[PDB]
């Protein structure tokens, strides 16, 4: 059988109160030989990467298309599960053991991903041309729960979205790509919901001096409508995947007061009795990290942390500048992962400047301890997913992180899948 290398998420740990030191030496990057070839030679497009780790196990998912990024009809959904194994340097590295593909059509879109014990769980949307195009065309959408385990078993189960409690407001339910979390047998994941009535209230905005009515621009570009007749709200799905008592599958609205533009995100497990953490993905005009704590009692609140030490940018400036509400959209996102259950310390993968040059950033509160290169080159990347994990028993000064990015390799106009891991400094003083 396989020997297990025990690991756990850094996000379940108590925060360190000591000053976290910047690492003086350069990064020890180590192999993450996961995923597949994704068509660097033929300029294929990889979208929606999500990585998740458990106890000696990781899982990975992504969507591939030939030639363009706008061909959902002929896309292929990839799923993968693998192990943490000691290599010839005795480093714990990720390596795949089973891979699965599901070609369209319909295709699995916007899959979330988590690892529970020996099983990966993905909640996905069944679509022909992509959810927004299907909804516009008057088509319906499906949902699916996919699981696969380290034995190589694979299951896909349709979930009737009409039987999910939406307080009779939901017309369409859509999952979006990112990390999910399971607490007390309930699977939580981000998505959005087309509703009968528009959601009242102002979208979250900024008081930055932008030579305009910010709140007006914020509402206008909030992406809370798919059409004059199609309002949509951000949601968190709650699916019973093993609750102690019977629970009704439901969605809960994330009110538009809680975010700037409707977007995807990650939910980070911190323990059975601890609040989930979150990050929203910078895919619009807001160019600072969007992360913090989620609570549900009475209503869904995104308790957003005050974070300014990292800034996202595009190669070409926007008018008004990024950070000001506009129709500009960041071409390159950032992934953050909590080093503790409060998100006090964070690891990030982000572009250095101009939407290129992947770097790792390392913060405590609103202070950047250091940054290091993944690759000091003019390499653009579009999407990312990041997971950090500690061996058990832990190392004194380090944890481990793995990132997947979709990068425009060798002057390709589309992005392909690349991966890397590193020893992540975790040390006091």
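Positions refer to the first chain, counted from 1.
Taking only CA atoms, the mean B-factor in the PDB entry is higher for 243 to 251 than for the other of 243 to 251 and 166 to 174. Higher mean CA temperature factor between 416 to 424 and 12 to 20: 12 to 20, per the PDB entry. Highest CA B-factor among the listed residues (266, 80, 109, 209): 209. Considering 84, 280, 121, 220 together, the PDB entry gives 220 the largest C-alpha B factor. Sort the chain's modelled residues by C-alpha temperature factor and residue 378 lands in the highest third, per the entry. Ranked against the other modelled residues of its chain, the C-alpha B-factor of residue 321 as given in the entry falls in the highest third.
Split the chain's modelled residues into thirds by C-alpha temperature factor. Residue 369 is in the middle one. Residue-level temperature factors show residue 70 in the highest third of its chain, judged at the C-alpha atom. When the modelled residues of the chain are ordered by their C-alpha B factor, residue 296 lands in the highest third.
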